[PDB]
Amino acid sequence: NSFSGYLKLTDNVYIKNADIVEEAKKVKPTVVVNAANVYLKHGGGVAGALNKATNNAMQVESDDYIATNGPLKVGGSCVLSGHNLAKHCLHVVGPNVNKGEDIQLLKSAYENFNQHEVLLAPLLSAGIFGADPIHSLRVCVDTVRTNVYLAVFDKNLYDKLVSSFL
């Protein structure tokens, strides 16, 4: 495939210092993962960046989804269009530690990845969701069995994740 420049961490987990939006635009993967909230309100972080890259089409689609189906659960997911970024977008809700949500739900969140053969993804519950990115990477490695290409925007965090990996 057309994923280039990744470091192999395990048989099935790869990592790169990259902007997920730029990666998606270049590769046009089958599935890109969004770091969603339960309301699919794509205001900030990865979600805000992905939505902006779709010219707000992702938000319009998401609002229709919520109006029909109601909010997601923490740990849950839905598959919507990938618009100009991918064939599909897997919107996955990791726990937000800043809201007091149970970090154990991070494992449930990553289990959604196992329904897809190849994914381009961020680290769940990192960034504005408040969890430790080292822990998120560990849960990813221990949970996901399909092929996952992780994009980490911050170079200092990328270097720390690689150099502390075990």
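Residues numbered from 1 in each chain as written, not as in the entry; some residues may be left out. Heavy atoms only, no water.

Listed as the method for this PDB entry is X-ray crystallography; the listed resolution is 1.10 Å.

Under the annotation held in the PDB entry, the protein carries the name Non-structural protein 3 and is attributed to Severe acute respiratory syndrome coronavirus 2.

Asks: How should I be thinking about the pattern of salt bridges in this particular structure?
Replies: Two side chains carrying opposite charge are able to pair once their charged atoms lie near each other. Under the criterion given, the structure shown has five salt bridges. Notably, a salt bridge pairs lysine 16 with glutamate 23, separated by 2.8 Å at the nearest N-O pair. Look at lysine 16 and you get buried, because its relative accessible area is 17%. Residue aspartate 159 is joined to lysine 155 by a salt bridge in which the shortest nitrogen-to-oxygen separation is 3.0 Å. With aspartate 159 and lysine 155 both in helix α6 (residues 155-163), this residue pair falls four residues apart, about one helical turn. Of the residues examined, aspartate 159 reaches a relative accessible area of 35% and is grouped as partly exposed. Using a relative accessible area of 43% as the deciding quantity, one classes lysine 155 as partly exposed. (Salt bridge = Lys/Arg side-chain N within 4 Å of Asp/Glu carboxyl O. Buried < 20%, exposed > 50% of the residue type's maximum accessible area, 1.4 Å probe, protein only. Helix = DSSP H or I, 4+ residues; strand = E, 2+ residues; numbered from the N terminus.)

Asks: I'm lost on the side chain of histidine 116 in this one. Help?
Replies: Along the chain, the position of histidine 116 falls in the loop between α4 (105-111) and β6 (118-121). Its relative accessible area of 16% is what places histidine 116 among the buried residues. Beyond its immediate chain neighbours, meaning those up to four positions away, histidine 116 contacts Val31, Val79, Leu90 and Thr146. (Contact = heavy atoms within 4.5 Å.)

Asks: In this structure, what is going on with the packing of aromatic side chains? I would like to understand it.
Replies: Two aromatic rings are characterised by how far apart their centres lie and by the angle between their planes. Under the defined criterion, the tally for this structure stands at five aromatic pairs. Both rings, one in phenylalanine 3 and one in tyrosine 6, keep their centres 5.7 Å apart while their planes meet at 85 degrees; by these two values the pair is edge-to-face. Measuring from ring centre to ring centre gives 5.2 Å for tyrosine 110 and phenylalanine 113, while their planes differ by 70 degrees; the resulting arrangement is edge-to-face. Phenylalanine 113 gets classed as buried once you look at its relative accessible area, which sits at 0%. Ring pairing ties together the aromatic residues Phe3, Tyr6, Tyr14 and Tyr149, which thus form one cluster. (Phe/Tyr/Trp six-rings, centres within 6.5 Å; stacked < 30°, edge-to-face > 60°.)

Asks: So what exactly am I meant to see when it comes to the environment of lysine 8 here?
Replies: Within the secondary structure layout, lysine 8 lies in strand β1 (residues 7-8). Considering only alpha carbons, one finds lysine 8 and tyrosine 149, 141 residues apart in sequence, at a separation of 9.2 Å. Among the polar contacts listed, one links the side chain of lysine 8 to the backbone oxygen of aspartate 11, at a separation of 3.1 Å. A polar atom in the side chain of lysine 8 sits 3.0 Å from the side chain of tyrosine 14. (Polar contact = N/O pair within 3.5 Å; in protein donor to acceptor, adjacent residues only side chain to side chain.)

Asks: Would you mind showing me how to read the side chain of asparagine 112 here?
Replies: Turning to its location among the elements, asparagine 112 is positioned in the loop between α4 and β6. Accessibility expressed as a relative area gives 17% for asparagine 112, which makes it buried. With residues near it in sequence (within four places) discarded, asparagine 112 still touches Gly75, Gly76, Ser77, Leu90 and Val92.

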